[PDB]
Every structure is written in C-alpha cells, then in structure tokens.
Enquirer: 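What follows is a structure written as structure tokens; I'll ask about it next.
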Amino acid sequence: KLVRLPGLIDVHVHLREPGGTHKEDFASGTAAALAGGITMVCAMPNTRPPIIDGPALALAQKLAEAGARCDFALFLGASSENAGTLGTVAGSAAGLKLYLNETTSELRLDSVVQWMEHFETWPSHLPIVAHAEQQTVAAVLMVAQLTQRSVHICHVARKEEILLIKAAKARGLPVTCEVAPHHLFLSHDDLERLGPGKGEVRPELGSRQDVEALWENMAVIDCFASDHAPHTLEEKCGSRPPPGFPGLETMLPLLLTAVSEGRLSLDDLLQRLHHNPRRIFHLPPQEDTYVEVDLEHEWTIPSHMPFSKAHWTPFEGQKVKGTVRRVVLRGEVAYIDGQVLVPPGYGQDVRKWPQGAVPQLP
Ligand SMILES: O=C1C[C@@H](C(=O)O)NC(=O)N1
Ligand SMILES: [Zn+2]
Ligand SMILES: [Zn+2]
Ligand SMILES: [Zn+2]
Ligand SMILES: [Zn+2]
C-alpha cells in the first residue's frame with residue numbers, strides 16, 4: 001500500500017548548467033529530483049557564468065526550459081557590482097542569494113556594507129536567502145533588522161546556529177531556515193569512512209552534538225533542502241576537492257526512514273518539503289502533481305545513485321526504509337521505479353505562471 005504525497009519542493013539545488021555540465025545539467029539534475037520525489041527545484045546562481053546579471057539569467061532560463069524535466073525557479077546571485085541593478089528581473093527569479101562566507105571572486109562581498117546595499121535595493125517583497133555560517137548568521141540577521149525585512153538562512157548545520165535562530169524567533173524576528181540531510185544523517189563520525197576529499201562540504205559536517213541539536217530543535221527548522229552540490233568523484237578525490245554532496249536522490253529516502261523510526265512525523269516532513277517552501281518563496285501549486293512512496297521497502301544506499309552525474313554519494317552503505325515508486329507531474333507520469341518518463345524540457349519556470357508571481361503592492 002502506497003502513500004500519496006504532494007509534489008515536494010527543494011529550495012536549494014546546484015544544477016551546474018551553464019558551465020559545469022560534466023558535474024550535472026538541468027536534464028540529469030531534474031531526473032535526480034524526480035527520482036527523489038521532488039517535483040520543483042530552486043537552482044542556485046553559482047554557475048559558469050554566474051547568474052548575477054540579466055543576460056546570464058536569460059541564458060539560464062532558456063537552458064532550464066530546454067533541459068529541465070521538473071518545474072523550477074532560478075535564483076539570482078548578489079555580487080559586489082549588481083546591487084540596484086536587478087530591479088527589472090528580480091520578480092522573475094526564485095529570490096536573491098547571498099554567499100557570505102568563502103566563495104568565488106564573482107559572488108564575493110567584501111564588506112557588510114555591500115550586504116546592506118543588497119537588502120536596501122532588492123525589492124522588499126522578494127526572498128533573500130544567505131549562505132551564512134556561525135557568526136555570519138547573527139551578522140546577516142543584524143543587517144535584516146537594520147533594513148526592516150526578512151531573511152532565510154540556508155543549510156543550518158550547527159547547534160550554535162540553530163540556537164541563535166531559535167533565540168531570534170523567540171524575539172519575533174522574521175527569519176526562517178532550512179537544514180540539509182547530510183547535517184541530520186552524517187557527522188564527524190563519518191569522516192574516517194568518507195575520507196578528507198569526499199567529506200569536504202560547506203557547511204562542514206558537524207559533531208554528534210550538532211546533529212543531536214538539529215533534531216532536538218526540529219520545531220525551529222522551517223524547510224529541508226538538499227544543497228545538492230554535485231561534483232565528480234575525480235574532483236572530490238583529487239588535489240583540490242570542491243566542497244559539496246549530491247543529495248536529490250537520497251534526501252527523501254533518508255527522511256522517510258526517520259519518519260518510520262518516529263523521529264519526526266509525516267506531517268513534519270510535509271511542512272518542511274512542501275508547505276513551508278511554498279509559503280516562504282511564494283511558489284505556486286502544481287496541478288495534478290503527486291508522489292507515491294512505499295514506506296516498507298528496506299534497501300541500502302549504493303555507491304552511486306542512478307541519475308546524478310556526480311556518480312557518487314556520501315550516504316553509501318546507510319540502510320534506509322522508504323522509496324519513491326511513482327511521480328506524476330502536471331498530469332503526466334514522470335517517474336516509475338527507476339525510469340524517468342518525461343523528456344528534457346517538460347519542466348517549466350514557475351515564476352512565469354500567473355499564480356507564481358510574488359504578490360506586491362502596486
Ligand atoms: O556553499 C557551498 C556551495 C556548494 C557548491 O558546490 O556549489 N557546495 C558546498 O558544499 N557549499
Ligand atoms: Zn551554501
Ligand atoms: Zn538555501
Ligand atoms: Zn548551495
Ligand atoms: Zn498538506
């Protein structure tokens with residue numbers, strides 16, 4: 001007997017197109033999404049070229065429309081040059097992404113004043129999300145308060161961070177956050193097995209106490225999001241390993257296992273992979289869209305999942321219970337038992353749907 005879930009939403013994926021298509025492209029990354037029970041993704045802007053200007057966004061939109069198999073929205077990225085220039089295209093994006101820790105030269109902000117300028121110029125009704133670790137959480141929260149608006153914190157990974165956000169919520173501040181599965185299901189205890197290259201990720205893997213704190217503070221976590229960050233094994237195992245894990249194909253099975261064990265409820269999962277993504281990012285419903293899962297099937301994660309071009313996974317060897325059997329997307333069968341059945345280009349930019357515009361005052 002299968003359980004019918006709504007179309008799940010992953011608000012944090014790296015699909016690598018343009019410019020990194022040996023790691024993933026829209027077609028392979030959205031195949032991975034569908035096989036993970038995800039019907040809508042929000043793609044990050046740290047591509048090559050990065051999505052930091054209108055021409056780059058226009059290119060990425062066409063590449064996504066041609067390659068995506070599930071629906072999507074595309075983030076814009078903040079740069080040291082683009083504050084006050086994105087007003088005409090801002091509403092067509094998922095939101096604005098700020099990379100506030102170590103990043104590329106194109107996305108690097110060298111001063112908190114540049115963060116302020118983005119918060120002051122980006123349209124006030126549109127989402128802002130930040131890669132903000134440790135004290136950077138507190139710093140970006142201060143900028144948000146100075147500019148009188150909300151912020152969403154990506155991939156919270158530490159006891160320190162979740163407790164800070166908890167304290168901010170207790171003071172009524174408009175902050176939301178997401179957590180990635182590797183910060184719930186892996187820790188320092190796994191670094192020996194992974195090795196130093198595969199184990200590289202930002203935020204880094206936490207201690208057992210960090211992991212425990214995230215679970216104990218589940219009420220503070222608004223969303224789950226994979227931070228699907230595919231790189232090839234050659235890259236992960238080479239001399240300058242890039243940080244990141246693929247995660248679209250493993251996120252839902254890992255979380256269903258936890259539901260099975262009573263660590264969180266099915267509702268808790270659906271708030272965090274459906275309702276709260278919708279409401280924080282003002283993402284539209286997908287008509288005639290659902291995911292059927294088998295909660296009884298026990299399996300072991302293999303050395304690579306079928307679809308991501310990363311062709312490796314840090315969750316190899318973990319025992320999970322729960323699997324995606326079928327996905328229907330806008331009335332068409334998109335996935336059954338390991339076969340993706342919608343072509344590249346089936347997916348659409350949800351920000352172009354009438355119901356997908358973010359409401360604003362005239
Ligand atoms: O901040 C980031 C970016 C990401 C990537 O590979 O794009 N991978 C990571 O581990 N953290
Ligand atoms: Zn990040
Ligand atoms: Zn995020
Ligand atoms: Zn990311
Ligand atoms: Zn519901």
Side-chain angles (χ1 to χ4, degrees), residues 2-11 13-17 21-43 60-74 225-226 228 230 246-256 269-270 273-274 277-278 283-297 299 301-313 315 320-353 356:
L2 301 187
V3 182
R4 175 177 169 141
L5 309 180
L8 308 180
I9 303 169
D10 190 338
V11 302
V13 303
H14 297 266
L15 303 181
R16 308 299 192 205
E17 183 173 8
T21 60
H22 65 288
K23 301 172 183 286
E24 203 74 279
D25 61 16
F26 282 114
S28 63
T30 62
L34 291 167
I38 307 301
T39 56
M40 191 191 303
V41 296
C42 299
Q61 285 170 336
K62 300 312 304 189
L63 295 174
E65 286 184 339
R69 303 169 189 270
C70 72
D71 300 326
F72 63 86
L74 304 184
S226 62
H228 180 81
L248 278 161
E249 290 165 273
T250 49
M251 173 162 67
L252 182 62
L254 289 164
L255 289 165
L256 291 175
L269 176 60
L270 295 179
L273 278 177
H274 181 74
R278 274 181 175 175
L283 297 165
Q286 296 173 287
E287 300 184 28
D288 203 10
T289 296
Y290 55 94
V291 178
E292 294 175 330
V293 300
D294 174 357
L295 296 184
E296 289 306 313
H297 185 251
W299 55 289
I301 294 177
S303 62
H304 66 270
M305 298 301 293
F307 293 104
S308 175
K309 295 187 192 189
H311 206 81
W312 78 281
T313 171
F315 302 99
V320 288
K321 189 189 183 75
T323 192
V324 177
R325 300 297 306 277
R326 193 168 79 117
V327 180
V328 171
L329 176 57
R330 289 179 287 98
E332 296 303 316
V333 179
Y335 176 81
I336 300 179
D337 294 335
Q339 164 89 54
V340 172
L341 295 163
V342 287
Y346 184 73
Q348 299 178 16
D349 185 351
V350 303
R351 281 280 187 250
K352 292 180 182 88
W353 299 351

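All heavy atoms count here, side chains included; hydrogens, waters and symmetry mates do not. The chain is numbered in sequence order, starting from 1.
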Enquirer: Is any side-chain N of the basic residue among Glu292 and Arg326 closer than 4.0 Å to the acidic one's carboxylate O?
Expert: yes
Enquirer: I'd like to check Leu295 versus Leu256 (side-chain heavy atoms, cut-off strictly below 4.5 Å). Are they in contact?
Expert: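 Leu295 reaches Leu256 side chain to side chain.
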Enquirer: Below 4.5 Å, heavy atoms only, C-beta onward: do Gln286 and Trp353 meet side chain to side chain?
Expert: yes
Enquirer: Count the heavy atoms of every other residue, nucleotide or ligand shown that sit under 6.0 Å from NZ of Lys352, and state whether that count exceeds 12.
Expert: yes
Enquirer: Between atom CG of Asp294 and atom NZ of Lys321, what is the distance when rounded to the nearest 0.5 Å?
Expert: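 If we round to the nearest 0.5 Å, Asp294:CG and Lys321:NZ are 9.0 Å apart.
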Enquirer: Find out whether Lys23 and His14 are in side-chain contact, i.e. whether some heavy atom of one side chain is under 4.5 Å from a heavy atom of the other.
Expert: no
Enquirer: Which residue pairs pass the salt bridge (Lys or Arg N to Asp or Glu O under 4.0 Å) test when at least one of the two sits in residues 303-313, sequence neighbours left out?
Expert: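 As it turns out, the salt bridge (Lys or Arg N to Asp or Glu O under 4.0 Å) pairs with a partner in residues 303-313, which skip direct neighbours, are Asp25-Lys309.
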Enquirer: Check whether any side-chain heavy atom of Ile38 lies under 4.5 Å from a side-chain heavy atom of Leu252, and answer yes or no.
Expert: no
Enquirer: Restricting to non-hydrogen atoms, name the atom on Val11 and the atom on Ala225 that form the minimum distance, rounded to 0.1 Å.
Expert: CG2-CB, 3.9 Å
Enquirer: Would you say that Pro6 contacts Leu270 through its side chain, given a criterion of any heavy-atom pair below 4.5 Å between the two side chains?
Expert: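 Answer yes - side chains close enough.
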Enquirer: Heavy-atom distance under 4.5 Å between the side chains of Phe72 and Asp349, does that happen here?
Expert: yes
Enquirer: Would you find a donor on one side and an acceptor on the other, under 3.5 Å apart, between the side chain of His228 and the backbone of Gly247?
Expert: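 Indeed, once roles are kept as given, a pair shorter than 3.5 Å links the two residues.
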Enquirer: Is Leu273 close to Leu5 at the side-chain level, that is, under 4.5 Å between some pair of heavy atoms?
Expert: no
Enquirer: Testing the basics here: between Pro302 and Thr313, what is the closest heavy-atom pair and its distance to 0.1 Å?
Expert: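 For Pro302 and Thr313, the tightest heavy-atom pair comes out as O-CG2, 3.3 Å.
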Enquirer: In Å and rounded to the nearest 0.5 Å, what is the CD to CG distance from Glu332 to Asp288?
Expert: 9.0 Å
Enquirer: Do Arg69's NZ or CZ and the ring of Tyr335 fall within the cation-pi criteria of under 6.0 Å and 45°?
Expert: no
Enquirer: Can you name the nearest heavy-atom pair linking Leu283 to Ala73, along with the distance?
Expert: CD2-CB, 4.4 Å
Enquirer: Donor-acceptor check, side chain of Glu249 to backbone of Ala35, threshold 3.5 angstrom: yes or no?
Expert: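 Not confirmed, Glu249 side chain does not pair with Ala35 backbone.
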Enquirer: How close do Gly37 and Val324 get, counting heavy atoms only, and between which atoms?
Expert: N-CG2, 3.7 Å
Enquirer: Looking at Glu24 and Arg16, would you say the former's side chain and the latter's main chain have a donor-acceptor pair under 3.5 Å?
Expert: no
Enquirer: Would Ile336 and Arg325 count as a side-chain contact (heavy atoms from CB on, under 4.5 Å) here? Give the steps.
Expert: CA-CA 6 Å; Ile336 300 179; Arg325 300 297 306 277; over 6 Å; no
Enquirer: Quick check: closest heavy atoms across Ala68 and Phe26, and the distance to 0.1 Å?
Expert: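 Closest approach of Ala68 to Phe26, heavy atoms only: N-CB, 3.8 Å.
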Enquirer: May I ask you to test the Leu329-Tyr346 pair for a side-chain heavy-atom distance under 4.5 Å?
Expert: yes
Enquirer: Check step by step if side-chain contact (heavy atoms from CB on, under 4.5 Å) holds for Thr289 and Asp71.
Expert: CA-CA 11 Å; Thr289 296; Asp71 300 326; 5.9 Å; no
Enquirer: Step by step, work out the side-chain contact (heavy atoms from CB on, under 4.5 Å) result for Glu65 and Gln348.
Expert: CA-CA 6 Å; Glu65 286 184 339; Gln348 299 178 16; over 6 Å; no
Enquirer: Where the side chain of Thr21 meets the backbone of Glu17, is there a donor-acceptor pair that is under 3.5 Å apart?
Expert: no
Enquirer: Spell out, as yes or no, whether a donor-acceptor pair under 3.5 Å connects the side chain of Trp312 to the backbone of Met305.
Expert: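 Such a contact is absent between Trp312 side chain and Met305 backbone.
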Enquirer: Could you state the interatomic distance from CG (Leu2) to OH (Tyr290), rounded to the nearest 0.5 Å?
Expert: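 That separation rounds to 11.0 Å.
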Enquirer: So which atom in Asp10 and which in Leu248 form the shortest heavy-atom distance, rounded to 0.1 Å?
Expert: OD2-CD2, 3.3 Å
Enquirer: Could you go through the side-chain contact (heavy atoms from CB on, under 4.5 Å) check for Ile301 and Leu254 one step at a time?
Expert: CA-CA 10 Å; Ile301 294 177; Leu254 289 164; 4.1 Å; yes
Enquirer: Flag yes if more than 12 heavy atoms outside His304 fall under 6.0 Å of its NE2 atom; otherwise flag no.
Expert: yes
